[PDB]
>>> print(open('target-v2.csv').read())   # CSV, C-alpha atoms
chain,number,residue,atom,x,y,z
A,76,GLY,CA,16.9,49.8,16.0
A,77,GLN,CA,19.3,51.6,13.7
A,78,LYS,CA,21.4,49.3,11.6
A,79,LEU,CA,23.8,51.9,10.1
A,80,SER,CA,24.4,55.2,11.9
A,81,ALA,CA,26.6,57.9,10.5
A,82,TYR,CA,28.2,60.7,12.4
A,83,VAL,CA,28.3,64.1,10.7
A,84,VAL,CA,30.3,67.0,12.2
A,85,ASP,CA,29.1,70.5,12.7
A,86,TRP,CA,32.4,72.0,11.6
A,87,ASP,CA,32.5,70.0,8.3
A,88,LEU,CA,29.2,68.7,7.1
A,89,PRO,CA,29.2,66.4,4.1
A,90,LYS,CA,28.4,68.3,0.8
A,91,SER,CA,25.9,65.6,0.0
A,92,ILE,CA,24.5,63.1,2.4
A,93,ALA,CA,23.8,59.6,1.0
A,94,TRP,CA,20.4,59.2,2.7
A,95,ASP,CA,19.6,55.9,1.0
A,96,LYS,CA,22.7,54.3,2.3
A,97,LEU,CA,22.1,55.0,6.1
A,98,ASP,CA,19.4,54.7,8.7
A,99,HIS,CA,20.4,57.2,11.3
A,100,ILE,CA,22.3,60.5,11.4
A,101,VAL,CA,24.2,61.4,14.5
A,102,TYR,CA,25.0,65.1,14.6
A,103,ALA,CA,28.2,66.0,16.5
A,104,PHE,CA,28.6,67.9,18.8
A,105,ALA,CA,26.6,69.8,21.3
A,106,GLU,CA,29.0,70.6,24.2
A,107,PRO,CA,27.6,71.0,27.7
A,108,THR,CA,28.8,74.2,29.3
A,109,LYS,CA,29.7,74.9,33.0
A,110,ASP,CA,26.1,76.0,33.5
A,111,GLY,CA,24.6,73.0,31.7
A,112,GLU,CA,23.7,74.7,28.5
A,113,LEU,CA,24.3,73.1,25.1
A,114,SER,CA,26.8,75.1,23.0
A,115,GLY,CA,29.3,74.6,20.2
A,116,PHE,CA,27.0,73.8,17.3
A,117,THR,CA,25.4,75.8,14.6
A,118,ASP,CA,21.6,76.3,15.0
A,119,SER,CA,20.8,76.7,11.3
A,120,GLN,CA,22.9,73.7,10.3
A,121,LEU,CA,21.1,71.4,12.8
A,122,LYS,CA,17.7,72.7,11.7
A,123,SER,CA,18.6,72.2,8.0
A,124,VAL,CA,19.9,68.7,8.5
A,125,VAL,CA,16.9,67.6,10.7
A,126,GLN,CA,14.5,68.9,8.1
A,127,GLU,CA,16.4,67.0,5.3
A,128,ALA,CA,16.5,63.8,7.4
A,129,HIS,CA,12.8,64.0,8.2
A,130,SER,CA,11.9,64.8,4.6
A,131,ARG,CA,13.7,61.6,3.7
A,132,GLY,CA,12.1,59.6,6.5
A,133,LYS,CA,15.4,59.3,8.4
A,134,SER,CA,16.1,59.4,12.1
A,135,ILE,CA,18.5,62.0,13.6
A,136,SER,CA,20.1,62.2,17.0
A,137,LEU,CA,22.2,65.0,18.5
A,138,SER,CA,25.5,63.9,20.0
A,139,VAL,CA,26.3,65.6,23.3
A,140,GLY,CA,29.9,65.7,24.5
A,141,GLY,CA,32.8,64.6,22.3
A,142,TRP,CA,36.5,64.9,23.1
A,143,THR,CA,36.5,68.6,23.7
A,144,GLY,CA,33.0,68.7,25.1
A,145,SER,CA,33.4,66.5,28.1
A,146,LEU,CA,34.9,69.0,30.6
A,147,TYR,CA,31.8,69.4,32.7
A,148,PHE,CA,29.8,66.1,32.6
A,149,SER,CA,31.1,65.0,36.0
A,150,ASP,CA,30.4,68.4,37.7
A,151,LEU,CA,27.0,68.7,36.0
A,152,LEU,CA,25.8,65.3,37.2
A,153,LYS,CA,27.2,65.2,40.7
A,154,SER,CA,25.1,68.2,41.9
A,155,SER,CA,21.4,67.8,42.1
A,156,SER,CA,20.5,71.3,40.9
A,157,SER,CA,22.9,71.3,38.0
A,158,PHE,CA,21.8,67.8,37.1
A,159,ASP,CA,18.1,68.9,36.9
A,160,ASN,CA,19.0,72.0,34.9
A,161,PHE,CA,21.1,70.0,32.5
A,162,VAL,CA,18.3,67.5,32.0
A,163,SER,CA,15.8,70.3,31.4
A,164,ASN,CA,18.1,71.8,28.8
A,165,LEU,CA,18.6,68.5,27.0
A,166,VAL,CA,14.8,68.0,26.9
A,167,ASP,CA,14.5,71.5,25.5
A,168,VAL,CA,17.0,70.8,22.8
A,169,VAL,CA,15.1,67.7,21.7
A,170,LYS,CA,11.9,69.7,21.4
A,171,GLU,CA,13.5,72.8,19.8
A,172,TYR,CA,15.2,70.8,17.1
A,173,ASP,CA,12.6,68.0,16.7
A,174,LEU,CA,15.3,65.4,17.4
A,175,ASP,CA,14.6,61.7,17.3
A,176,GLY,CA,17.2,61.1,19.9
A,177,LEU,CA,20.2,62.0,22.0
A,178,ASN,CA,23.6,60.3,21.7
A,179,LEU,CA,25.7,60.9,24.9
A,180,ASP,CA,29.4,61.0,24.2
A,181,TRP,CA,31.1,61.6,27.6
A,182,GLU,CA,34.8,60.9,27.1
A,183,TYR,CA,34.9,59.5,29.7
A,184,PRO,CA,33.2,58.8,33.0
A,185,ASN,CA,35.7,58.9,36.0
A,186,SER,CA,38.8,58.8,33.9
A,187,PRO,CA,42.2,60.7,33.9
A,188,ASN,CA,42.2,59.9,30.2
A,189,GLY,CA,40.2,61.8,27.8
A,190,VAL,CA,40.9,65.6,28.0
A,191,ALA,CA,43.3,65.9,31.0
A,192,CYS,CA,41.4,68.6,32.9
A,193,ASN,CA,38.0,66.9,32.5
A,194,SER,CA,36.0,66.9,35.7
A,195,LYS,CA,35.7,63.4,37.3
A,196,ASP,CA,34.0,61.8,40.2
A,197,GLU,CA,33.8,58.2,41.7
A,198,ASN,CA,30.1,58.3,41.0
A,199,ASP,CA,30.4,59.3,37.3
A,200,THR,CA,29.1,56.1,35.8
A,201,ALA,CA,26.2,55.8,38.3
A,202,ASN,CA,25.3,59.4,37.6
A,203,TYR,CA,25.5,58.8,33.8
A,204,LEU,CA,22.9,56.1,34.2
A,205,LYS,CA,20.8,58.5,36.4
A,206,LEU,CA,21.0,61.0,33.5
A,207,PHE,CA,19.7,58.4,31.0
A,208,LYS,CA,16.9,57.4,33.4
A,209,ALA,CA,15.9,61.1,33.7
A,210,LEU,CA,15.9,61.6,30.0
A,211,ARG,CA,13.9,58.4,29.4
A,212,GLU,CA,11.3,59.5,32.0
A,213,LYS,CA,11.0,62.9,30.4
A,214,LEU,CA,11.2,62.1,26.7
A,215,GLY,CA,9.5,58.6,26.7
A,216,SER,CA,10.2,55.3,25.1
A,217,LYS,CA,10.1,56.6,21.5
A,218,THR,CA,13.2,58.8,21.7
A,219,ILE,CA,16.4,57.0,20.8
A,220,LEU,CA,18.8,57.2,23.7
A,221,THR,CA,22.3,56.0,22.9
A,222,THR,CA,25.8,56.5,24.2
A,223,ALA,CA,29.2,56.4,22.4
A,224,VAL,CA,31.5,54.3,24.6
A,225,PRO,CA,35.1,53.3,24.9
A,226,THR,CA,36.5,49.8,24.2
A,227,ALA,CA,35.9,48.6,27.8
A,228,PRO,CA,32.9,49.2,30.1
A,229,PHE,CA,32.5,52.5,31.9
A,230,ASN,CA,34.9,53.0,34.8
A,231,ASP,CA,33.8,52.2,38.3
A,232,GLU,CA,34.4,54.2,41.5
A,233,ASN,CA,38.1,53.1,41.4
A,234,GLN,CA,38.6,54.1,37.7
A,235,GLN,CA,38.6,50.5,36.7
A,236,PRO,CA,36.4,49.2,33.8
A,237,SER,CA,33.2,47.7,35.2
A,238,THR,CA,33.0,43.9,35.1
A,239,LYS,CA,29.3,44.0,35.9
A,240,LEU,CA,27.1,46.8,34.8
A,241,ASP,CA,23.9,47.7,36.6
A,242,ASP,CA,21.2,46.0,34.5
A,243,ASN,CA,19.4,49.2,34.3
A,244,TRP,CA,22.0,50.2,31.7
A,245,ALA,CA,20.6,47.7,29.2
A,246,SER,CA,17.0,48.4,30.2
A,247,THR,CA,17.2,52.2,29.8
A,248,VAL,CA,19.7,52.8,27.0
A,249,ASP,CA,18.8,51.7,23.4
A,250,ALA,CA,22.3,51.2,22.1
A,251,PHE,CA,25.9,51.5,23.0
A,252,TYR,CA,28.1,52.7,20.1
A,253,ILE,CA,31.6,51.2,20.6
A,254,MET,CA,34.4,53.6,19.5
A,255,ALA,CA,36.7,50.8,18.2
A,256,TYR,CA,39.1,53.3,16.7
A,257,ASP,CA,42.0,55.5,17.8
A,258,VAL,CA,43.0,52.3,19.6
A,259,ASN,CA,46.8,52.7,19.1
A,260,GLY,CA,49.0,55.7,19.0
A,261,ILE,CA,52.0,57.4,20.6
A,262,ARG,CA,51.3,56.1,24.0
A,263,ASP,CA,52.4,52.7,22.7
A,264,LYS,CA,55.9,51.5,22.0
A,265,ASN,CA,55.0,49.9,18.7
A,266,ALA,CA,52.7,50.8,15.8
A,267,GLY,CA,49.4,49.1,15.9
A,268,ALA,CA,46.1,49.3,14.0
A,269,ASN,CA,43.8,52.3,14.3
A,270,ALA,CA,40.8,50.1,14.4
A,271,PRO,CA,41.9,46.5,14.7
A,272,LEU,CA,39.2,43.9,14.5
A,273,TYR,CA,41.3,41.6,16.5
A,274,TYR,CA,44.2,41.8,19.0
A,275,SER,CA,46.5,39.0,19.7
A,276,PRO,CA,48.3,38.6,23.0
A,277,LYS,CA,51.4,37.6,21.2
A,278,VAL,CA,51.8,41.2,20.0
A,279,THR,CA,53.4,43.4,22.7
A,280,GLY,CA,53.8,47.2,22.8
A,281,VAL,CA,50.3,48.0,21.6
A,282,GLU,CA,46.9,48.4,23.4
A,283,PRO,CA,45.4,45.0,24.2
A,284,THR,CA,42.0,45.6,22.6
A,285,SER,CA,40.2,45.7,19.3
A,286,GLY,CA,36.6,45.6,18.0
A,287,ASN,CA,36.3,41.9,19.0
A,288,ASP,CA,37.8,42.4,22.5
A,289,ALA,CA,35.6,45.4,23.1
A,290,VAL,CA,32.4,43.7,22.0
A,291,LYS,CA,33.3,40.7,24.2
A,292,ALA,CA,34.1,43.0,27.2
A,293,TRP,CA,30.8,44.8,26.9
A,294,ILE,CA,28.8,41.6,26.5
A,295,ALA,CA,30.6,40.1,29.5
A,296,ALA,CA,29.7,43.1,31.6
A,297,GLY,CA,26.0,42.7,30.8
A,298,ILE,CA,25.1,44.5,27.6
A,299,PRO,CA,23.3,42.2,25.1
A,300,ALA,CA,25.0,42.0,21.7
A,301,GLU,CA,21.9,43.4,19.9
A,302,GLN,CA,22.4,46.6,21.8
A,303,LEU,CA,26.0,46.9,20.8
A,304,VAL,CA,27.0,48.9,17.7
A,305,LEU,CA,30.4,48.5,16.3
A,306,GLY,CA,31.9,51.9,15.4
A,307,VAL,CA,34.3,52.1,12.4
A,308,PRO,CA,36.5,54.9,11.1
A,309,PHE,CA,36.5,56.5,7.7
A,310,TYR,CA,40.1,57.6,8.4
A,311,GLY,CA,43.4,56.2,9.3
A,312,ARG,CA,46.4,57.4,11.4
A,313,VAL,CA,50.0,57.9,10.6
A,314,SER,CA,52.8,57.1,13.1
A,315,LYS,CA,56.5,57.7,12.7
A,316,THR,CA,58.5,54.4,12.7
A,317,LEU,CA,62.0,54.4,14.1
A,318,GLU,CA,63.2,52.1,11.3
A,319,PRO,CA,61.7,51.3,7.9
A,320,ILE,CA,58.8,48.8,7.5
A,321,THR,CA,59.6,46.1,4.9
A,322,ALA,CA,57.9,42.9,3.7
A,323,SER,CA,59.5,41.2,6.7
A,324,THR,CA,58.7,43.6,9.6
A,325,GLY,CA,55.0,43.5,9.6
A,326,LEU,CA,53.0,46.4,11.2
A,327,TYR,CA,54.1,46.1,14.8
A,328,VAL,CA,57.4,48.0,14.8
A,329,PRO,CA,58.8,50.5,17.2
A,330,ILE,CA,57.5,54.1,16.7
A,331,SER,CA,58.6,57.5,17.8
A,332,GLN,CA,56.7,58.5,21.0
A,333,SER,CA,58.2,62.0,21.1
A,334,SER,CA,55.3,63.8,19.4
A,335,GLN,CA,52.5,62.9,17.0
A,336,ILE,CA,53.4,63.7,13.4
A,337,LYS,CA,50.9,65.4,11.1
A,338,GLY,CA,48.6,63.3,9.0
A,339,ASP,CA,46.8,64.9,6.0
A,340,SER,CA,45.5,68.4,5.3
A,341,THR,CA,42.6,67.7,7.7
A,342,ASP,CA,45.0,67.3,10.6
A,343,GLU,CA,45.3,70.8,12.0
A,344,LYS,CA,47.3,71.4,15.1
A,345,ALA,CA,44.9,71.9,18.1
A,346,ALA,CA,45.1,72.2,21.9
A,347,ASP,CA,42.8,70.6,24.3
A,348,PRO,CA,40.6,72.9,26.4
A,349,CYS,CA,42.9,73.1,29.4
A,350,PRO,CA,45.1,75.9,30.7
A,351,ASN,CA,48.6,75.8,29.1
A,352,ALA,CA,47.6,72.9,26.8
A,353,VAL,CA,50.0,72.6,23.9
A,354,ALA,CA,48.7,72.3,20.3
A,355,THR,CA,49.3,68.8,18.8
A,356,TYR,CA,48.6,66.8,15.6
A,357,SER,CA,46.3,63.8,15.7
A,358,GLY,CA,47.9,62.0,12.7
A,359,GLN,CA,44.5,61.7,11.1
A,360,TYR,CA,44.5,60.8,7.5
A,361,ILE,CA,41.0,60.7,6.0
A,362,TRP,CA,39.8,58.2,3.4
A,363,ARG,CA,39.4,60.9,0.7
A,364,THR,CA,43.1,61.6,0.9
A,365,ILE,CA,44.0,57.9,0.9
A,366,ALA,CA,41.9,57.4,-2.2
A,367,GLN,CA,43.1,60.6,-4.0
A,368,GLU,CA,46.8,59.8,-3.3
A,369,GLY,CA,46.4,56.3,-4.7
A,370,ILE,CA,47.9,54.8,-1.6
A,371,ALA,CA,46.2,51.4,-2.4
A,372,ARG,CA,48.1,51.1,-5.7
A,373,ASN,CA,51.5,52.1,-4.1
A,374,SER,CA,51.4,55.6,-5.4
A,375,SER,CA,52.5,58.8,-3.7
A,376,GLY,CA,55.5,57.2,-2.0
A,377,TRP,CA,53.5,54.5,-0.2
A,378,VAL,CA,53.9,50.7,-0.1
A,379,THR,CA,50.7,49.0,1.0
A,380,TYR,CA,50.4,45.8,3.2
A,381,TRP,CA,47.6,43.9,4.9
A,382,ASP,CA,47.8,42.9,8.6
A,383,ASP,CA,46.2,39.5,8.9
A,384,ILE,CA,46.0,39.7,12.7
A,385,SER,CA,43.9,42.9,12.9
A,386,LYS,CA,42.3,42.4,9.5
A,387,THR,CA,43.3,46.0,8.4
A,388,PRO,CA,45.5,47.5,5.7
A,389,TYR,CA,48.6,49.5,6.4
A,390,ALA,CA,51.1,51.4,4.3
A,391,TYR,CA,54.6,52.6,4.7
A,392,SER,CA,56.1,55.8,3.3
A,393,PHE,CA,59.9,55.8,3.4
A,394,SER,CA,59.7,59.5,3.0
A,395,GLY,CA,59.0,60.7,6.6
A,396,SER,CA,59.3,57.1,7.7
A,397,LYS,CA,55.5,57.1,8.2
A,398,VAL,CA,53.3,54.1,8.8
A,399,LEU,CA,49.6,54.6,8.0
A,400,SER,CA,47.1,52.3,9.6
A,401,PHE,CA,43.8,52.6,7.9
A,402,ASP,CA,40.5,51.0,6.8
A,403,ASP,CA,39.4,50.2,3.3
A,404,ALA,CA,36.5,48.4,1.7
A,405,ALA,CA,37.9,45.0,2.6
A,406,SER,CA,38.6,45.7,6.2
A,407,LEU,CA,35.2,47.5,6.7
A,408,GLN,CA,33.5,44.5,5.1
A,409,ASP,CA,35.3,42.3,7.6
A,410,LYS,CA,34.1,44.4,10.5
A,411,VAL,CA,30.5,44.1,9.1
A,412,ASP,CA,30.9,40.3,8.7
A,413,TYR,CA,32.0,40.2,12.4
A,414,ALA,CA,29.2,42.4,13.5
A,415,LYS,CA,26.6,40.2,11.8
A,416,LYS,CA,28.1,37.0,13.2
A,417,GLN,CA,28.0,38.4,16.7
A,418,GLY,CA,24.4,39.5,16.3
A,419,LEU,CA,25.3,43.1,17.0
A,420,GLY,CA,22.7,45.9,16.7
A,421,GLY,CA,24.5,47.5,13.9
A,422,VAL,CA,27.5,49.6,13.0
A,423,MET,CA,28.3,53.3,13.1
A,424,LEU,CA,30.9,55.4,11.3
A,425,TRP,CA,33.1,58.3,12.1
A,426,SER,CA,32.6,60.3,10.1
A,427,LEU,CA,30.5,60.7,6.9
A,428,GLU,CA,32.3,63.6,5.2
A,429,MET,CA,35.5,61.5,5.1
A,430,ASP,CA,34.2,59.1,2.4
A,431,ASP,CA,35.1,59.7,-1.2
A,432,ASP,CA,32.6,60.9,-3.8
A,433,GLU,CA,31.9,57.3,-4.8
A,434,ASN,CA,30.8,56.3,-1.3
A,435,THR,CA,33.5,53.6,-1.3
A,436,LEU,CA,33.5,53.2,2.5
A,437,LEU,CA,29.8,53.7,3.1
A,438,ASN,CA,29.1,51.2,0.4
A,439,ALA,CA,31.3,48.8,2.2
A,440,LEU,CA,29.0,49.0,5.2
A,441,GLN,CA,25.7,48.1,3.4
A,442,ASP,CA,25.5,44.5,4.4
A,443,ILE,CA,24.7,45.5,7.9
A,444,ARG,CA,21.3,46.9,6.8
A,445,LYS,CA,20.0,43.6,5.3
>>> encode(input="target-v2.csv", output="structure tokens")
Amino acid sequence: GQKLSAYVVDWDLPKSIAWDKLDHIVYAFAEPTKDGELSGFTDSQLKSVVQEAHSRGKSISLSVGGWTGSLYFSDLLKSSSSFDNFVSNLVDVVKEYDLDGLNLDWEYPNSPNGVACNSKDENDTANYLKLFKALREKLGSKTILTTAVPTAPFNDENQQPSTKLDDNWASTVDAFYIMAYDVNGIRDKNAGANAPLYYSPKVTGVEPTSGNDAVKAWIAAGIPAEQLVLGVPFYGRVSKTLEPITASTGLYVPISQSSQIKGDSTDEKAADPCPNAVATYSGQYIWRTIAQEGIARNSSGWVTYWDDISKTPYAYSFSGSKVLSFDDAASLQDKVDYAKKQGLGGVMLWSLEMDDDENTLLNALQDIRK
């Protein structure tokens, strides 16, 4: 298995990759086109990084899909001819780039969530498994086949999270990388954690999930814990509170749902790949910024707190009335402790370039690889 996997992104590769602090690089993203070709990544970068990984004895997978790369998965897999062509192209990419694996990041099978104009079909989840089976048959047992997954099992024919997965999921796919981040946001009445480790039903106005709830849901639906990988963020998110946060309010306070405020300098306005889509901010605030601004020592207009329920830090800036939910060394350690206790297969991180030059967050993950 891969104890610690790190996503790196084509549009912003890390200036230096800390190879000795990770086991697996996941290169994001190749985006399937309407014709089932793989586009949206930089040839020379992937070849450079594969060579570096291999020189260092490290495994590298290509991640296929991602948020803006999921438009065509449903269409591609629901037609026999496009399915076969897509499979052929995926096998070709593995050979062309000497990849050790493929990480499929369809966001999401049969879902009106994810990019609004994504194709969708009742058979999406069954077809996704068919895809993994085809890849397994063509590439063999050595290739690492993984999938990045939401906080509940893949949707069934009625767009409901599956309560019982086909046991060929676990027997075909090596690992399931749970995206236990971006959990709360403007779709919720109250602020909540970006990557809560726990969720308590006593808290209303937030999404009723967390790392723990997600892991439990995936295990309950049939995936053994050792094939689950807990994903963690190297960024936080800002929300705009309607009233100030104080020592008395805690994190879970009412927020503006009118529009997502900008996070840090990495938070560029961007529109989803749909007709007439409006450009929006994500509220992303990467660790490098959190560290540089001294948020943790109440600098730069922030006052920091810890949320004991979710086991994550948060901070309030009276200027702009912003709450930042984030992860630090302590909260990442707590996620690792949880992952080890649950006997998970490992952890993964999104994404590597977000760490500071001292590898503060990546260092916080090291207990998973021992």
>>> atom_distance(input="target-v2.csv", atom1="CA of residue 342 (chain A)", atom2="CA of residue 320 (chain A)")
23.3 Å
>>> closest_residue(input="target-v2.csv", among="A:244, A:207, A:148, A:181", to="residue 224 (chain A)", atoms="only C-alpha atoms")
A:181
>>> closest_residue(input="target-v2.csv", among="A:245, A:128, A:411, A:204", to="residue 286 (chain A)", atoms="only C-alpha atoms")
A:411
>>> closest_residue(input="target-v2.csv", among="A:301, A:442, A:98, A:118", to="residue 418 (chain A)", atoms="all atoms listed in the file")
A:301
>>> atom_distance(input="target-v2.csv", atom1="CA of residue 436 (chain A)", atom2="CA of residue 405 (chain A)")
9.3 Å
>>> atom_distance(input="target-v2.csv", atom1="CA of residue 387 (chain A)", atom2="CA of residue 269 (chain A)")
8.6 Å
>>> residues_near_point(input="target-v2.csv", point="(32.5, 56.6, 28.1)", cutoff="7 Å", atoms="all atoms listed in the file", output="PyMOL selection string")
chain A and resi 180-184+223-225+229
>>> write_last_selection(input="target-v2.csv", atoms="C-alpha atoms", output="mmCIF file, keeping the file's coordinate frame")
data_model
loop_
_atom_site.group_PDB
_atom_site.id
_atom_site.type_symbol
_atom_site.label_atom_id
_atom_site.label_comp_id
_atom_site.auth_asym_id
_atom_site.auth_seq_id
_atom_site.Cartn_x
_atom_site.Cartn_y
_atom_site.Cartn_z
ATOM 1 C CA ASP A 180 29.400 61.000 24.200
ATOM 2 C CA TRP A 181 31.100 61.600 27.600
ATOM 3 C CA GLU A 182 34.800 60.900 27.100
ATOM 4 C CA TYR A 183 34.900 59.500 29.700
ATOM 5 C CA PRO A 184 33.200 58.800 33.000
ATOM 6 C CA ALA A 223 29.200 56.400 22.400
ATOM 7 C CA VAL A 224 31.500 54.300 24.600
ATOM 8 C CA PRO A 225 35.100 53.300 24.900
ATOM 9 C CA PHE A 229 32.500 52.500 31.900
#
>>> residues_around(input="target-v2.csv", residues="residue 178 (chain A)", least_positions_apart="6", cutoff="8 Å", atoms="only C-alpha atoms", output="ChimeraX atom specification")
/A:101,136-139,219-223
>>> residues_around(input="target-v2.csv", residues="residue 110 (chain A)", least_positions_apart="3", cutoff="8 Å", atoms="only C-alpha atoms", output="PyMOL selection string")
chain A and resi 107+151+157+161
>>> closest_residue(input="target-v2.csv", among="A:295, A:281, A:168, A:255", to="residue 236 (chain A)", atoms="all atoms listed in the file")
A:295
>>> closest_residue(input="target-v2.csv", among="A:347, A:341, A:217, A:247", to="residue 87 (chain A)", atoms="all atoms listed in the file")
A:341
>>> residues_near_point(input="target-v2.csv", point="(38.1, 55.3, 37.6)", cutoff="8 Å", atoms="all atoms listed in the file", output="ChimeraX atom specification")
/A:184-187,197,230-236
>>> closest_atom_pairs(input="target-v2.csv", of="region 293-319 of chain A", to="region 329-334 of chain A", cutoff="12 Å", atoms="all atoms listed in the file", output="Markdown table")
| residue | atom | partner | partner_atom | distance |
| --- | --- | --- | --- | --- |
| A:313 | CA | A:330 | CA | 10.4 |
| A:314 | CA | A:330 | CA | 6.6 |
| A:315 | CA | A:330 | CA | 5.5 |
| A:316 | CA | A:330 | CA | 4.1 |
| A:317 | CA | A:330 | CA | 5.2 |
| A:318 | CA | A:329 | CA | 7.5 |
| A:319 | CA | A:329 | CA | 9.8 |
>>> residues_around(input="target-v2.csv", residues="residue 99 (chain A)", least_positions_apart="5", cutoff="7 Å", atoms="only C-alpha atoms", output="list in words")
residues 77, 79, 80, 81, 133, 134 and 135 of chain A
>>> closest_residue(input="target-v2.csv", among="A:410, A:264, A:277, A:397", to="residue 308 (chain A)", atoms="only C-alpha atoms")
A:410
>>> residues_around(input="target-v2.csv", residues="residue 209 (chain A)", least_positions_apart="6", cutoff="10 Å", atoms="only C-alpha atoms", output="ChimeraX atom specification")
/A:158-159,162-163,166,203,215,247
